[PDB]
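Residue-level listing of the chains:
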Amino acid sequence: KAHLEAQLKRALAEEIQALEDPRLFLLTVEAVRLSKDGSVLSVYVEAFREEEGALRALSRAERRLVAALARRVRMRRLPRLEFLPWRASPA
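Residues numbered from 1 in each chain as written, not as in the entry; some residues may be left out. Heavy atoms only, no water.

Its PDB record attributes the structure to cryo-EM, giving the resolution as 12.50 Å.

Now the structure itself:
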């Protein structure tokens, strides 16, 4: 039932920017994977240009981002979130 990775992909995409960093621009969500126990999520973020602030700032802003997911999805237990470099998949 860890396909609500689909709901997190939908909702986390919109919450993006929140993130306003001119050196990285728009932060895109390429994919989301959620563990079988619905406890952890991995967010494969997509961007045109890497910037330090939008890398590490995503991890600093994780608690706030989870709070926004909570509100958007109305889950009892929001998965812990980690951000992974977009792609680096060919595009």
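After presenting the structure, the write-up continues.
Student: Go over the overall build of the chain, please, and point to the residues and values.
Tutor: The helix and strand inventory of the chain stands at three helices and three strands. For a compact globule of 91 residues, the expected C-alpha radius of gyration is about 12 Å, and the chain comes in at 13 Å, within 12% of that figure. The principal-axis extents of the C-alpha atoms in the chain amount to approximately 35 × 25 × 20 Å. Burial analysis of the chain (91 residues in total) assigns 31% to the buried set. Of the contacts made within the chain by residues no fewer than 6 positions apart, 60% connect residues no fewer than 24 positions apart. As displayed, the chain offers around 6700 Å² of accessible surface, 48% of which is attributable to carbon and sulfur atoms. Positive and negative charge centroids in the chain, built from 18 and 13 side chains respectively, lie 8 Å apart. (Helix = DSSP H or I, 4+ residues; strand = E, 2+ residues; numbered from the N terminus. Rg over C-alpha atoms; globule rule 2.2 N^0.38 Å. Buried < 20%, exposed > 50% of the residue type's maximum accessible area, 1.4 Å probe, protein only. Contact = heavy atoms within 4.5 Å. Areas by Shrake-Rupley, 256 points an atom, 1.4 Å probe, with all protein chains shown as cover. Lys, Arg positive; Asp, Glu negative; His and termini not counted. Charge placed at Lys NZ, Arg CZ, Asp CG, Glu CD.)

Student: I'd like to hear about the packing of helix α1 (residues 5–15) against helix α3 (residues 62–73), residue by residue, with values.
Tutor: Their axes nearest at 10 Å, the elements α1 and α3 cross at an angle of 125°. Classified by the angle between their axes, α1 and α3 sit oblique to one another. Remark: the crossing between α1 and α3 carries right-handed chirality. Contacts between α1 and α3 involve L8, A11, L12, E14 and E15 from the first element and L65, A68, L69 and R72 from the second. Taken together, the residues of the contact of α1 with α3 break down into six nonpolar, no polar and three charged. (Axes fitted to C-alpha atoms, helices over the stretch in contact; angles between N-to-C directions. Parallel < 35°, antiparallel > 145°, perpendicular 65-115°, else oblique. Left-handed = near helix turned anticlockwise from the far one by under 90°. Nonpolar A, V, L, I, M, F, W, Y, C, P; charged D, E, K, R; others polar.)

Student: Mind laying out the pairing of strand β2 (residues 40–47), listing which residues take part and the relevant values?
Tutor: Of all the eight residues making up β2, six are buried; the element is thus mostly covered by neighbouring parts of the structure. Direction of pairing for strand β1 (residues 27–34) relative to β2: antiparallel, over a ladder of seven bridges. Each bridged residue has a counterpart across the sheet, and for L27 the counterpart in β2 is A47. Hairpin connection, β1 to β2: the antiparallel pair is bridged by five residues, and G38 has positive phi, about 60°. (Pairing = 2+ DSSP bridges.)

Student: Please give an account of the nonpolar core that cites residues and values.
Tutor: The biggest cluster of nonpolar side chains holds 21 residues, and the ones touching the most others in it are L12, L24, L27, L41, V43, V45 and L58. Contributions of two or more residues to this core are made by α1, β1, β2, α2 (52–60) and α3. With residues near it in sequence (within four places) discarded, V45 still touches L27, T28, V29, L58, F83, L84, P85 and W86. (Core = buried A, V, L, I, M, F, W, Y, C linked by side-chain atoms within 4.5 Å.)

Student: So what's going on with the pattern of salt bridges? Residues and values would help.
Tutor: Under the defined criterion, the tally for this structure stands at two salt bridges. Ionic pairing is found between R87 and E46, a salt bridge with its closest N-O pair at 3.3 Å. Here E46 lies in strand β2 and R87 lies in the segment after β3 (80–84), a separation of 41 residues in the sequence. For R87, a relative accessible area of 33% puts it in the partly exposed group. (Salt bridge = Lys/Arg side-chain N within 4 Å of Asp/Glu carboxyl O.)

Student: Account for α3, naming residues and giving values.
Tutor: With twelve residues, α3 ought to run about 16 Å at 1.5 Å a step, and its terminal C-alpha atoms sit 16 Å apart, in line with that. Within two residues after α3, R74 carries a phi angle of roughly 60°, on the positive side. (Expected span 1.5 Å × (residues − 1).)

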